[PDB]
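A.B. asks: give me the fold of what follows.
(chains A and B)
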2 protein chains.
Amino acid sequence: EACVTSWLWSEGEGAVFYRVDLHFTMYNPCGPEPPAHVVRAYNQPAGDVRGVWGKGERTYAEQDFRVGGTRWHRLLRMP
Amino acid sequence: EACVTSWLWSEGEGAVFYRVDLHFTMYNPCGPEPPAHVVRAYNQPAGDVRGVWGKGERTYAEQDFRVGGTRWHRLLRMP
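C.D. replies: Numbering: from 1, shown residues only, chains lettered A, B, ... in the order given. Sure, the structure comes next:
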């Protein structure tokens, strides 16, 4: 049982910032449901990747994408 | 501060299963580092999607992919 993280922010005014942490720790979920738009945004397969940052040790991949009508960003661990 | 989840399993003998939960709750991470191969597998942009299951209310998208030499699967919430 352990953990990693990633971040998730949007562009345009009214932008939201996200510091997400993922825990790899039969019935029922594990809590509530934030704004559902922030879920359908962190999951969407942004097949395009145009960034590789961080300092490794740790390696993050940066990936912009438009959903509906709002441009995001999403940097995830990538060893 | 709240939560969603998703699952992550592999094919071929010696397969691992994963029940992952994501918490959208300046310095430092948030814990340890599981087997790094399971991180570089849940993050990889599987741009291809060939599944839409669950019962909605809740909606999951199913998406197979080959990394290196191991075929996975990955079903994520998609409202």
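
A.B. asks: can you confirm residue A:15 is in a helix?
C.D. replies: No - read with DSSP: H, G, I helix; E, B strand; the rest coil, residue A:15 is coil and lies in no helix.

A.B. asks: can you pull the contacts of it?
C.D. replies: When contacts are counted by CB atoms under 8 Å, 6 or more residues apart in numbering or on different chains, residue A:15 touches residue A:9. From N, CA and C alone the C-beta is placed, and that goes for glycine too.

A.B. asks: ok, residue A:34 next?
C.D. replies: Contacts of residue A:34 were listed using CB under 8 Å, 6+ apart, and they are B:2, B:3, B:4, B:24.

A.B. asks: ok, residue A:44 next?
C.D. replies: So residue A:44 contacts A:65, A:67, B:78 (CB under 8 Å, 6+ apart).

A.B. asks: what separates it from residue A:53, distance-wise?
C.D. replies: As judged by CB to CB, to the nearest Å, residue A:44 and residue A:53 stand 21 Å apart.

A.B. asks: please apply the same query to residue A:10.
C.D. replies: When residue A:10 is compared with residue A:53 (using CB to CB), they lie 18 Å apart.

A.B. asks: between those two, which one's more packed in?
C.D. replies: Taking neighbours as other CB atoms under 10 Å in any protein chain shown, residue A:10 and residue A:53 compare with residue A:10 leading, 18 against 11.

A.B. asks: coming back round to it: so which of the contacts of residue A:44 are in strands?
C.D. replies: A:65, A:67 (DSSP state E).

A.B. asks: pick the one among the contacts of residue A:44 closest to residue B:61.
C.D. replies: Taking CB to CB as the measure, residue B:61 sits nearest to residue B:78 out of the contacts of residue A:44, at 4.4 Å.

A.B. asks: which strand residues bridge the nearest residue to that closest one once chain neighbours are set aside?
C.D. replies: Excluding its sequence neighbours, the residue lying closest to residue B:78 (CB to CB, 6 or more residues apart in numbering or on different chains) is residue B:61, at 4.4 Å. Beta bridges link residue B:61 to residue B:52, residue B:76, judged by DSSP bridges.
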